[PDB]
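Colleague: Below: one structure in structure tokens.
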Amino acid sequence: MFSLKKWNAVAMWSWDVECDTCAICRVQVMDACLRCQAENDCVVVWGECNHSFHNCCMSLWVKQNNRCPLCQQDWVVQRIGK
Amino acid sequence: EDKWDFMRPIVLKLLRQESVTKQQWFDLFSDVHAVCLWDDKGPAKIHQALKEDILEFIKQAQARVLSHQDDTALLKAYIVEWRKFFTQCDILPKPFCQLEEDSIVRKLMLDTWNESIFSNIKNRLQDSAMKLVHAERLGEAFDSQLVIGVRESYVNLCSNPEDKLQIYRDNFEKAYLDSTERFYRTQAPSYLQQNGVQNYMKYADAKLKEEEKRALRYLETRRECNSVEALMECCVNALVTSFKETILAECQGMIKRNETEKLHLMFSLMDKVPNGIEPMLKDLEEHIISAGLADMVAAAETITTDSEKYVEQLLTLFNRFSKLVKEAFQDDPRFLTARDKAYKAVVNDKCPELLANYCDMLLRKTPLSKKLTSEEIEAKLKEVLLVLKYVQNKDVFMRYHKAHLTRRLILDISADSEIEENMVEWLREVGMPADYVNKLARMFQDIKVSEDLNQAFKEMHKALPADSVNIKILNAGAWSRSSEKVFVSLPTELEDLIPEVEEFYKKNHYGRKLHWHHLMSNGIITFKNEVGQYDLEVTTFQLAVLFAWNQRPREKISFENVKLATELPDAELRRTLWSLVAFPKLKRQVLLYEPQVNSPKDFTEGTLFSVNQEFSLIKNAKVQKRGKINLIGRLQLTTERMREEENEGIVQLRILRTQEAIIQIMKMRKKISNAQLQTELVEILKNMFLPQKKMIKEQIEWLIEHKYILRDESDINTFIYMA
Amino acid sequence: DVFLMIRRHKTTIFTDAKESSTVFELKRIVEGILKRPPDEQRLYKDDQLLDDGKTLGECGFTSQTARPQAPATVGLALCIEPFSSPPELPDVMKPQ
Amino acid sequence: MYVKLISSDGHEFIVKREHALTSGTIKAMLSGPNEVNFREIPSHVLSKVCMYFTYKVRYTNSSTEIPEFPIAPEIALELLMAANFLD
Amino acid sequence: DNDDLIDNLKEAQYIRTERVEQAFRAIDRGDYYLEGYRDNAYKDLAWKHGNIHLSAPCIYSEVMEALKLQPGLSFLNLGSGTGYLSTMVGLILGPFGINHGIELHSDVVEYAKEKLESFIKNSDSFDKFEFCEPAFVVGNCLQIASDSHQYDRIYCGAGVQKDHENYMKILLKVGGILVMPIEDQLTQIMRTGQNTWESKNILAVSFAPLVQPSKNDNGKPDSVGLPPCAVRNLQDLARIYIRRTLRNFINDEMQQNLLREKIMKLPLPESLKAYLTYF
């Protein structure tokens, strides 16, 4: 009696150019970005410009680097926390 | 030279303002012509005969003035006698020409009065007229026309056609200017020590306003000196300025004590003088800083997480001095500014982050929005707006508010669609940038995207059958709230379901890359136990925990064993189990445990759990035989922990946001002084983080010590940007 | 303007006229200065008829011929009392 | 709106208040308690008085030059006496 | 000394006429001075007293000569004082010339009227000559309004600052003469064309300065202008033709005015002031 009756398949999406390759990781595109690990987690948050940003670095460094390190665009600030 | 045997009948009757025919006065012009044409002395006697006939009238007028003994009869008799005489000073001296306006006969009329009899009459006119106002100022109902008539007389007694500052200026103007100032300076002691400052100011203001009304009566308003203004200057200096130091001394008392009735006159008078209103602005500012911190030094740091307790105590502090201003100063914009500037030193003792958590209680389906009606919810949001207008740390409000808006929309847990939309105008009334104002519109569009992506899969792919799968693909910020990217073991029905959803979007919707959170996905599992049937609607973490339970609900499993069965770390299993063993406001729990705990942290690797064999949906405290129970609770939200994890960010923002503004300002301000930087910071930080200089000074300097901003080799207070 | 009198019998009314104006305009110029409308009244030029109005050819109202020292005469059959000379004798001191 | 100036010969000279009120006494009279009677001034004198009034007002706003106003030798004596009732 | 320059101006034949001397014979010195002295017209000293700004001797004498004053021209006097020059220049230009004076104070203009009446009443030379009665207005001579016109012969009776000299230079018509004691430098300013000017020195003088405008944010500045350009009164009109009538007759009969004026069929109370200087 371990069968399921319903599942809400909850996830987020983020902008990129294509879903076959990854410029910020070396892993499946659906996992955490490796740039925050191998190139030093990948907490990816949405902004007003409709390009996500890494919220474990902007929470400290947005004062100097108000960009989206995981995209190709500058960041327009909306959320700086959880 | 005293021989107007034919013309006195007209001149003497006019001098007394008797009825005289218009023709007779007109004919007088041809009679004085006849006098200079048909006489022996005409050309020489006309102006001397005028003097002698005037002199006789003037002496008679003196008797008809000075013979009176009362102040009213003495003053009025002169006024009547003069008004008759002066009226004719523009009529009788029209004829009588070519005898040397500026005629000799007019000069003789005006000068004969002043030289012959005014040498003694003017001291009694001033003494009586001064006594009138001296008594009138005490409430004696004197005839105000007596000092008006003297005013009219003395401005008319001036005979110089080029410089009329004479009889009136000396025998009246100064006497009233000096005597009224002395009167009020010597009257003030009757109130200075006998009553309160409020009641003194009532006397000072009442006497000044009444004297102003009198000033426009007895002080020539068109005089070449504006005596009225000069009087008001000496009167307000006699009444208010001589008391200003004590009027201000009790401003700290009245303000600190919230004596809003006694500040009524305080505002009316002190708001008129920059050197009185400003001390009061600093007195309110300083008392708010001292009184505010006396309460906030505890409230801010001992309440921490209770948003209703903090904000109501912050509103208690806010209302204590906002009520003071709203009453004492009629909601004044300068005392609100002094209030707002004061709180910038207070409310950061570390920040009013709970204003946004309190808003979320007002904006989310919480008891605060269930026990209040729509007007009360909007009223409380307006009260927060009045608070937020002064708060120095505003990005912590947006930090929480925007995180809360995101989670409210994606979970469909908002108090109302209209309440969410009202925050768009609410933030525009605050004055926040569009980047934050329109977050609701951005989330609304993102909800549509999720629904369109959901149907895109459900209508094409049909792992768990698609009829039991509901996909929700939100913006990156919807779920990316933690670094703990934990993924949990699941039965085949779910384990082989996500890869298909992922591959669908990889090829059917290029670019939109998914990222999954097993803390957020949820589902339904059917159970039977020893009392009835039930369906658990729980998160995917909980589904994996239930999977361990599904085939063995009566077998005791250790915390360590669940960790191994589900592949969860301590943090997620402690939170996951809590929602099953200690769910809030639940009559019967799903999972049982033997140890006593206080919180999720107290679950140890040796802790044993089991499934509650009496669990089911409970209605009115009655056990049901079938039903669906949702135990997701706060797992899809942010628990109290949110403050513990965000507190570090709140501290970081206390420096970050200022230095963000500085770096941005310095990019566009290549070389500026600290005073220019702080000036720019006020404008940039107004919607983020604008403390008092007691924090800024260090924050601008720290960018020098840590080698972020360059400074002038010859001026440590001028910052230089490079590149 | 040009000195112009409106005269009849023993009444002399001191008015003016504009050099560039027609007799019809002058009826309104005189009306303006005198407040007497042209109630079936025609303006003259030193007794010149000037038609019944609205004419220019005869309206020789040049200020050089109608200066303040020398008024133009307007007959309000005309009858105007002239100004007589002083009926004075040499009287020794003023030979004539 | 004119002031009527009565000559001793019974002749009536009608001069506008603007035209008459160009000197002192004429302003001094009447301006208080038009008609002005010159019982001593014949019409052959008062005519030049009235024409001088019209002359004065018409040139009260002149530019540079002011024309001469010729007077007959037999009336100047009485014009001066009239002047002492008007100037 | 400055005598050589004054002689050079005379030797240059700039005056030529005797009209200037006639004004000095016709107008009695001192009858324009203050009653407390009635003497300084005959002495060289400080002539400024109270509001009286005249200087009958060398100072005004050179002004009368500095202006050629062809008869019939229009005279403008800014700083007219009591009318000393305005009357005597009016005599030089003809009894029926144009003489429009302005002075700073109404006390001295009021006195100027007293002096003109006193001269006609009690002077010694009145009954011999024709005279021009000048007009006055009161106002600040340095505040010239856009309603000003042009004049032929112009004099300033009080000290002028060089930086403001244009307030009257602009008022001179081509071919005229403007004389001003500019910072106590008395100069002869001539306009020879539309934009061509020439000037000569006259005399080193001593004047009381005009009161420099200091008003702001109101309608005093440049709102005084020149005296009303208007026809004079009737007493002066008739009085001049009375003197012409008698003078023109005796010019032929000589081929005493005091006695002749006694037989005019006019009462003595009038003739005594009007003609006879009270004998």
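To match Swiss-Prot, the residue numbers of chain A are left as they are there, and the shown ones run 29-68, 72-113.
For all residues, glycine too, the Cβ spot is worked out from N, Cα and C.
So Swiss-Prot lists the following for this protein:
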BINDING   A:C50, A:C53, A:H85, A:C88  Zn(2+) 1 binding site
BINDING   A:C61, A:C64, A:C73, A:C87  Zn(2+) 3 binding site
BINDING   A:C80, A:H82, A:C99, A:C102  Zn(2+) 2 binding site
Colleague: Can you list, in sequence order, the residues of the same chain other than A:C61, A:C64, A:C73, A:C87 whose CB lies within 8 Å of the CB centroid of the Zn(2+) 3 site?
Modeller: A:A60, A:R63, A:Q65, A:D72, A:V74, A:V75, A:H85, A:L101
Colleague: Measuring C-alpha to C-alpha, could you say which of the binding-site residues A:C61, A:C64, A:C80, A:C87, A:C99, A:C102 are within 10 Å of A:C53 (Zn(2+) 1 binding site)?
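Modeller: Near A:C53 (Zn(2+) 1 binding site), where near means Cα within 10 Å, the binding-site residues are A:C61, A:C64.
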Colleague: Where the chain breaks for 3 residues between A:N68 and A:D72, how wide is that break in Å, taking the Cα atoms?
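Modeller: So the two residues bracketing the gap are 10 Å apart at Cα.
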Colleague: State the three-class DSSP label for A:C64 (Zn(2+) 3 binding site), counting H, G and I as helix, E and B as strand, and everything else as coil.
Modeller: helix
Colleague: Excluding near sequence neighbours, so keeping only residues 6 or more apart in the same chain, what lies with its CB under 8 A of A:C88 (Zn(2+) 1 binding site)?
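Modeller: Long-range Cβ contacts: A:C64, A:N96, A:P100.
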Colleague: Can you name the residues of this chain that are 6 or more positions from A:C61 (Zn(2+) 3 binding site) yet have a C-beta less than 8 Å from its C-beta?
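Modeller: Residues satisfying the criterion: A:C50, A:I52, A:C53, A:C73, A:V75, A:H85, A:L101.
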Colleague: Is A:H85 (Zn(2+) 1 binding site) helix, strand or coil when read with DSSP?
Modeller: strand
Colleague: Quick one: among the binding-site residues A:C53, A:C64, A:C73, A:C87, A:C102, which has the most Cβ atoms sitting within 10 Å of its own Cβ?
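Modeller: Of the binding-site residues A:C53, A:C64, A:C73, A:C87, A:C102, the most buried by Cβ count within 10 Å is A:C102.
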Colleague: Using C-alpha atoms only, work out the spacing between A:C102 (Zn(2+) 2 binding site) and A:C87 (Zn(2+) 3 binding site) and round it to an integer in Å.
Modeller: 15
Colleague: Between A:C80 (Zn(2+) 2 binding site) and A:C87 (Zn(2+) 3 binding site), how far is it from one CA atom to the other, in Å?
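Modeller: Answer for this pair: 19 Å between alpha carbons.
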Colleague: Using a 10 Å cut-off on Cβ-Cβ distances across all protein chains shown, tell me which of the binding-site residues (A:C50, A:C80, A:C99) has the largest neighbour count.
Modeller: A:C99
Colleague: Which of the binding-site residues A:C64, A:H82, A:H85, A:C87 have a Cβ less than 8 Å from any Cβ in chain B?
Modeller: A:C87
Colleague: List the Cα distance (Å, whole number) between A:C87 (Zn(2+) 3 binding site) and A:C99 (Zn(2+) 2 binding site).
Modeller: 12
Colleague: Would you mind checking how many other C-beta atoms are within 10 angstroms of the C-beta on A:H85 (Zn(2+) 1 binding site)?
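Modeller: A:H85 (Zn(2+) 1 binding site): 24 neighbouring Cβ atoms within 10 Å.
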Colleague: Specify all same-chain residues, apart from the site residues A:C80, A:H82, A:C99, A:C102, whose Cβ lies within 8 angstroms of the center of the Cβ atoms of the Zn(2+) 2 site, ordered by sequence.
Modeller: A:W43, A:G78, A:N81, A:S83, A:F84, A:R98, A:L101, A:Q103, A:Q104, A:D105, A:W106
Colleague: With DSSP assignments reduced to helix, strand and coil, which class does A:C99 (Zn(2+) 2 binding site) get?
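Modeller: The residue in question, A:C99 (Zn(2+) 2 binding site), is coil (DSSP, three-state).
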Colleague: Would you mind listing, in sequence order, the residues at least six apart from A:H82 (Zn(2+) 2 binding site) in the same chain with a Cβ closer than 8 Å to its Cβ?
Modeller: A:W43, A:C99, A:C102, A:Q103, A:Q104, A:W106
